[PDB]
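Same chain, two forms, each on its own as structure tokens: structure 1, then structure 2.
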Structure 1
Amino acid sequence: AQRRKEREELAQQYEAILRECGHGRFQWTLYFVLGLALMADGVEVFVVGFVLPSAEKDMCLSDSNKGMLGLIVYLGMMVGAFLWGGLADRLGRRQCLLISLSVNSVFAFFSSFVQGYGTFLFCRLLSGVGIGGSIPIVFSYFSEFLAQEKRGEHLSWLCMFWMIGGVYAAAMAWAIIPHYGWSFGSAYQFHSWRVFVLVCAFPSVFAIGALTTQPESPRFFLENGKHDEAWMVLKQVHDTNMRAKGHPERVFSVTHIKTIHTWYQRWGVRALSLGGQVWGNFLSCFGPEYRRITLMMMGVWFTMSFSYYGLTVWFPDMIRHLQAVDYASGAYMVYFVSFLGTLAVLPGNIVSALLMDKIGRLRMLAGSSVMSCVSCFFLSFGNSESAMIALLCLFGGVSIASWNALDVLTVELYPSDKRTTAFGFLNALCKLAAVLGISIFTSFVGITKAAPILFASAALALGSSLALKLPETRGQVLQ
């Protein structure tokens, strides 16, 4: 009964406290620290999508087992997303981010030394389970330090690190394992898939190391009744910002903050309680006051992920076909296209970041979705490799804006006590959509050119039609 009023008061006071702390060196530091975490997810996604389907041809496998590994890893990412997103609302943002990154790093490290396909599959699956939790936790964790004045722009600036991780993975793949030799094969060669697997883990290890230095989210502390810890963290933020700005004498004035109020047997009971609470949050996401928002969010996210991850398998085959037609008269191609795509995304992320708080989230999302639909439709007309690459750059440049807007909107539409639960559920749905799109678009490879693009464009059109119905959030305190 009373809790809604108490939480509204908490949000209103928290916004004022953040305005007192201001924006400065602390948020700039946290920005890079969490950017490393996003980069790790980018690296893993690239490895699953482009390296491993290329390595499947050298590692010995039965024909029926060829596509198994990516499916398994994406399902692991789905499970990890739901698990860590749910737990981050009960144990904390920093805690769960540390745990998930540790899992990812440990099993990525272990996968370098295995001597068989089964054990490699196991270790890679658990690495996926680990990394699946990063994005939902990262975005909420960063959002909880941002004042409403420029929260959208600051959240939008965060998405570059994912593309940077993709570029990092592609460059390391080209440098270390050209031709994608993957024999289960090193003897300390420094030019081997084991060394590539190790090098891909560096962003996650650095993320863990840097993240150990950062404080836990004070909003999480306040929502769980820990007044003094939240006060200490907020004082740390204020003092860091003011000392960096050359005003060490300024005093943090906040006096009091609103707050909300055998060994194995004990562990079992604890786990049961945690499961019950996570399930309660997940079911609350479909309560009468959030059901419609959740369903519309599901539709939009599913359609966007479906179209993108279907194109991830459509485009390389189109390039191969065009190259074959031209020749009728490698890793470097992937690295080159990835680098150009990142350079194309960059202007789109700059523009969307600068406009996010100027024109609102809904208009950004709708315009970017329409432009994404049309740019996807244009792919059917490419007659040559250069034109195809240019059109892919166009599509990425326009779609990054819609993904940014939907990230901000997803952050702001859900309350802090279940934000990471909602975000994790949506991210798990996105990875399920990735699985489905990859399989369905793989089924088209032998048939025709146009139907996959028409299908993706229709999916994006439906996504935009749903996106038009979401409520605007610009100019509101973080619920």
Structure 2
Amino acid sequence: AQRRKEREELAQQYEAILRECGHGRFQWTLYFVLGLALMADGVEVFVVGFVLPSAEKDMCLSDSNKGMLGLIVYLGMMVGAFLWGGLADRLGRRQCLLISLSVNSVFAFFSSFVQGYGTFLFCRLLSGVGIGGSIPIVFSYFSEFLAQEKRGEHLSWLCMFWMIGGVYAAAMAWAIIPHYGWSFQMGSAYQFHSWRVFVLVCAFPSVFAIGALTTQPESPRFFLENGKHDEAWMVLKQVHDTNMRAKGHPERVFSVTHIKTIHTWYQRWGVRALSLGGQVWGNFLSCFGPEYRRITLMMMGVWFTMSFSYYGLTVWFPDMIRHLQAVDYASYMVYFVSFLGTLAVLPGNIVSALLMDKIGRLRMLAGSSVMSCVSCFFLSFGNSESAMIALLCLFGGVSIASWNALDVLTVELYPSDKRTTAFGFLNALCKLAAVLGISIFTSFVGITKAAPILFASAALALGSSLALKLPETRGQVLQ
């Protein structure tokens, strides 16, 4: 009773304070700073897929090992998403993002030099664990600096760094891997081929992300929700002063005076760990309370269905391209095709960012899901590699709008004291669906071209149906 009233008052006052601060230099600097973390998350998905064909002959892989290297990144991202999303509600957004990026960068650096298959798999697993928490923490962290006026557009513009990271990965694979002449020996005991240089170069975005992130302040909403008034006041005054100084009005004074707020060594560390686990578990369970159970279940359905369909069909596409190429042949390309498939997403990002607030999150989500379903139904008519590439571009362009709308909706539908926990849980569910869909859609190749299409169409139709029952979030303060 009392706590809900106090949190609603805090939300209203925080909206008023952010409207006083305005949107300007500070928020765009933070946008570009967190774009580096999103870009690292984008690159991680492509690294192993690009390097596997060259690693198979250096580490002597069986096919099952290649598949397990295919699935390790998603497993690690699931675990890391849940872990870091849960922790970010207790330790803070900035600190947990720093720890996540540090783990990711360290183990990505290690994976470039380790020799055996098992150690490389372990290093990639831990790199995925590290970077798994980037999207839940980044989106909430950035949202906690945004007023409601253009919140949807500002959050939608954040999704374009993932595409930029995909482009970076494709370009660097194009530029580095083919050049086998770059290979050398790191001592006479070990040879060091170019794909390891590619693996190393894919770690730079996260290092730059750490460097840029160290300069930014912690989210003031976290401090206010944790009873730390003075720190939140200093952070908000920094925001206001930066915005006004950049706008040519340094004479303005931050008028806020008081903000509502809510309130042996190894043995001590054990107590700390148990208490942190208890609090994270409490947040996770409260995500399923009577106030949010329906929202949580509908979001689980939407996330799982669309992730499963998208990842399964995006793995199915290259397999069909290979099959048609082989059928024709029996009578740079990989990187270039990946680059085209990545650039096919840009129009979707632009349109979704420009229409998110004009037509709302629900219409975006449902219409994009419907278009994805019909573009899936179209895939039965493919007849050539160029046709399959074109349909892949169509599907990828139409689904990224669904993804952006889902991200914004997930940000807006949960309270600040559970936002990262819920986002991490749903993203781990997304990665679990990715694993399951990749496996199932891999099982179908060569046997039929109808079953995976029917699966994806049904899943996307179910997701579109669920997208219409979620509530509107425009015109509401950031709860």
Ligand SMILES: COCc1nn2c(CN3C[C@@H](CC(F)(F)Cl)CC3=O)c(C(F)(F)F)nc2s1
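Here the rigid core means the biggest group of C-alpha atoms that line up within 1.5 Å when the two forms are laid on top of each other. Numbering for residues begins at 1 and runs along the sequence of structure 1.
Item to check | Structure number, where the criterion is the form deposited without the named molecule | outcome: Structure 2.
Checklist entry - In a superposition on the rigid core, which residue from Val411, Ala37, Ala422, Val48 has a CA displacement reaching 2 Å or more between the two structures? => result Single residue meeting the criterion: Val48.
Checklist entry - Does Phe252 count as moved between the two structures, where moved means a C-alpha shift of 2 angstroms or more after fitting the rigid core? => result No, the C-alpha moves less than 2 Å.
Checklist entry - Is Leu211 one of the residues whose Cα moves 2 Å or more between the two structures, with the core superposed? => result It does not, since the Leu211 C-alpha is displaced less than 2 Å between the two structures after the core fit.
Next on the checklist: I want to check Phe190: does it shift between the two structures by 2 Å or more at the Cα, with the core superposed?
Outcome noted: Shift of 2 Å or more: yes.
Checklist entry - Once you lay the two forms on top of each other by their rigid core, how far has the C-alpha of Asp58 moved between the two structures, in Å? => result So the C-alpha of this residue moves 5.6 Å.
Item to check | For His179, CA displacement between the two structures after the core is overlaid, in Å | outcome: The alpha-carbon displacement, core-superposed, is 9.0 Å.
Item to check | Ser439 CA shift between the two structures in angstrom, with the core used for superposition | outcome: Comparing between the two structures after core fitting, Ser439 shifts 0.2 Å at its C-alpha.
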